[PDB]
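Okay, here we've got a single chain as structure tokens, the form deposited in one PDB entry, with questions on binding and movement later.
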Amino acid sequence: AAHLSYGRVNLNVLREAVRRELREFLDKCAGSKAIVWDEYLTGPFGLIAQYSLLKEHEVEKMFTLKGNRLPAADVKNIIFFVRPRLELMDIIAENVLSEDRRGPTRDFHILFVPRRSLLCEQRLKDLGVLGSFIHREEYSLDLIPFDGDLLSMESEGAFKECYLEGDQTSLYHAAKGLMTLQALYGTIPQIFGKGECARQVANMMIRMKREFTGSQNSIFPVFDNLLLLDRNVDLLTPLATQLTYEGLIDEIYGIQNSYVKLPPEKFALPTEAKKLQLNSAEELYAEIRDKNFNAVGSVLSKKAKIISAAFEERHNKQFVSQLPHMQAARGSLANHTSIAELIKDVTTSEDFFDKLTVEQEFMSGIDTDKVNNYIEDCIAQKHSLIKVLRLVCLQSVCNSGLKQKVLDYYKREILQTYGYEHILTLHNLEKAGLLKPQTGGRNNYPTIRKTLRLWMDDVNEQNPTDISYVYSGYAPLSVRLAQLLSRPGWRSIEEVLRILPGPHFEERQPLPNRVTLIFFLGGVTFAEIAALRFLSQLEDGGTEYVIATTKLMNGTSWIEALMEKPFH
């Protein structure tokens, strides 16, 4: 996939490597196979291999781990592709013991993704079934390539686990994934971090490299720097409504493993959602994904002319060959013209204007300490709980928590309107720093905002000059910190760093335009990603970013992962 290779970083090396380990493991379970999938893995895996590849290695069937009895199927092998979690082990046992004895015996194998755990195998041994697996194995799929500059773990629970449950299991896998990167792309000489989770990943990287027993890595470093950042250092950014094209698509429809599902009417029973893939392989999408949504119209018009001219030339040799490209480019323009229309419908409603006014009030310091009328109206009209929670948390973070009278008012109305089950929800938002009572000390956020210029009025959305174009005024704190690390360095902002959570550090790993790998521990938004691509294309900025994350998220999916499964 050509799009996985952007400038100096060729992420096919990683993808081709995991695609090879997969083949090799499938060959090891020789004879026909059915894979039983932990549901959560199916989507992410799609980015590594499709069914076409698995068929090549005699995978004749695929089921979802449901439990009870496995469907019959004349295969020699059954292979569980499961995450190392205990709940699932119990379900796996049901399957092994629910074996129909009125058929031929099917051999059982298990593939832990990304790797086994001690606790799990104890569950299987205690349940009896441990001894029934021929091959127990692991498939070290940690960082998944989503695009040429983008990798994700797609580990949804990671934020909740680290910040609420005292569980740093995801950080270990992150460190592991960084080792895999280093083995293919060279050791990363310089490590910088800000955050508690970032300190831990650093420590683990350094220890693991200490503990390495292979032949010597003789690869010239692709990445000059690693920057590890705790999501909880910037809790504001995900709460805000993203205003880039890709961000809006994600906010409204959601993008899952690089695909989106859209109302099908404008495109070409029941009629299934129009399913589209969204990454940089589609030229037009590369040109618009990162733009403020108000800039997209103009690119669309320009594309129309470029297409007409291509046909006008073909009207008056090489054009037989470009024609399959030309047709596809019209189709692409037609697809994104329709999406833009779907999005413009959302973004020109009165409710959207009002929400955005409030968000921008909070982000720029206005009335962050009083009960907000619009939020009250949304509650009274029983708008989506998540939208309400996003706003009350946005308020709380811009204010460093709320006074008692105001926090209590919001909790009582939320509980009364959406139900008392949401007392778990509010407890979690407080433990996570999102919606809390203030201390009655000074609110530090204004100092940070001013000093790092996080809010600016009347920003240019058509030809941006600053990272704030992605939220039409708010410069993501996270990206701003990346920017200032690169120039003029974090010593010039020591006072601000000290009033942000956890330590800031640097470490050096010894070796026999800079590229910086930036790793968001606890999630990253598409808007933040757009802003980092903006930094990478400034001629002056002297740093290009490759973005890594535990999870691609938005404020809606972020807060949902802090709610108790299942929903109402």
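Quick note: we count residues from 1 along the sequence shown, nothing fancier. Definition used throughout: the rigid core is the maximal C-alpha set that superposes within 1.5 Å between two forms.
Asks: Might you work out how many residues are unmodelled in the deposited sequence between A268 and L269, and answer none, 1 to 3, 4 to 9, or 10 or more?
Replies: Per the record, 10 or more deposited residues are absent between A268 and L269.
Asks: Looking at the deposited sequence, how many residues between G31 and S32 were given no coordinates in the entry: none, 1 to 3, 4 to 9, or 10 or more?
Replies: Nothing is missing between them.
Asks: Comparing 163-171 with 369-377, where is the mean C-alpha B-factor higher?
Replies: Mean B over CA atoms: larger for 163-171.
Asks: Comparing average C-alpha B factors as deposited, tell me which of 520-528 and 46-54 sits higher.
Replies: For C-alpha atoms only, the mean B-factor is higher in 46-54.
Asks: Using only the C-alpha B-factors in the record, can you name which of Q122, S468, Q483, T357 has the highest?
Replies: Highest C-alpha B-factor among the listed residues goes to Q122.
Asks: Quick one: which of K450, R210, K302, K275 shows the highest Cα temperature factor in the PDB entry?
Replies: Comparing C-alpha B-factors across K450, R210, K302, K275, the maximum falls on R210.
Asks: Among the chain's modelled residues, which third holds the C-alpha B-factor of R533?
Replies: Its C-alpha B-factor, which the entry lists for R533, ranks in the lowest third among residues of this chain.
Asks: Going by the recorded CA B-factors, say which third of the chain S140 sits in, lowest, middle or highest.
Replies: It belongs to the highest third of the chain when residues are ordered by C-alpha B-factor.
Asks: Ranked by Cα temperature factor within the chain, is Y445 in the lowest third, the middle third or the highest third?
Replies: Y445: CA B-factor falls in the middle third of its chain.
Asks: Mind checking which third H383 falls in for C-alpha B-factor across the chain?
Replies: Lowest third.
Asks: Per the entry's values, where does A2 land by CA temperature factor relative to the rest of its chain, in the lowest, middle or highest third?
Replies: Within its chain, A2 is a highest-third residue by C-alpha B-factor, going by the deposited values.
The next section is about a form of this same protein that is not shown, the form deposited in another entry.
Asks: For the set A93, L385, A432, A340, which residue undergoes a C-alpha shift of 2 Å or more between the shown form and the other one, given alignment on the rigid core?
Replies: Result of the superposition: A93 is the only one at 2 Å or more.
Asks: So with the core overlaid, does the Cα of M179 end up 2 Å or more away between the shown form and the other one?
Replies: Comparing the forms between the shown form and the other one, which are aligned on their rigid core, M179 does not shift its C-alpha by 2 Å or more.
Asks: Please say whether, between the shown form and the other one, the C-alpha of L415 moves by 2 Å or more once the core is aligned.
Replies: After core superposition, the C-alpha of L415 moves less than 2 Å between the shown form and the other one.
Asks: Is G128 one of the residues whose Cα moves 2 Å or more between the shown form and the other one, with the core superposed?
Replies: Result for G128: yes, a 2 Å-plus shift.
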